[PDB]
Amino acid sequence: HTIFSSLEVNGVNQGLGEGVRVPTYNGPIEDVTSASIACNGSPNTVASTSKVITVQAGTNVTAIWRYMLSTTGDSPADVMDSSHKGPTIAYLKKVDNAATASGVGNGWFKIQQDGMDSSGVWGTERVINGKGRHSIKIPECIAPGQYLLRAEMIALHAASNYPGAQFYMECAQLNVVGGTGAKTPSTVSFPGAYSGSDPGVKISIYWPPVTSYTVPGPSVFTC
């Protein structure tokens, strides 16, 4: 249980729920075929926001994960329970108007992921123990303009069967400045990119203890 509730750019937090479409309830999406897998949604309720956040292409945005909207600390319990081991992931989608695009459908491309490393540590654990900071590089080579950023943590502690994996995601609204447009990523859809049978979705992280993890979704776009 966690919420990507604010975004930091060039050292400046853009504000609670400002430019990030936040639910007030921190519960996960569990059906990967639901329209809610794109930018969260029913049976949660997601707020709108008229802020569109400017970011220079080639630089990083940092998603700031917190347990609830009311949370004002950054200790591990203020981010997400340590049982919630799994990957962190981020995607972009080029849109006409970042304040009105729903995010549902085709156009997403992956720009960051962090599953399990050589020492058996998970991406969510680096966020939980790293003050909730989830750093994400905006590619320099993409087209400028309006985008959605979908940042996600998947908790796998209850994922031995499907349904079981717990998908926590929120969409930020970006104005990307300075992109060269030299490369046009191949894209996937939400819902669509994930399936209940994926080896990183239906998985026991206990039996046997996991030594290598396949993050769901497409490969990471690189310039």
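Start at 1 and count along the sequence shown; that's the residue number.
Higher average CA B factor: 153-161, of the stretches 153-161 and 168-176. If you average the C-alpha B-factors over 115-123 and over 78-86, the higher value belongs to 115-123. Taking the PDB entry at face value, the top CA B factor among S42, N60, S197, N26 belongs to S197. Set against one another, the Cα B-factors of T187, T54, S34, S48 in the record reach their highest point at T187. Sorting the modelled residues of the chain by their CA temperature factor places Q146 in the lowest third. Per-chain ranking of the deposited C-alpha B factor places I205 in the highest third. In this PDB entry, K110 carries a Cα temperature factor that places it within the middle third of its chain's modelled residues. Ranked within its chain, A38 lands in the lowest third, by CA B factor from the PDB record. For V215, the recorded CA temperature factor ranks within the highest third of the chain's modelled residues.
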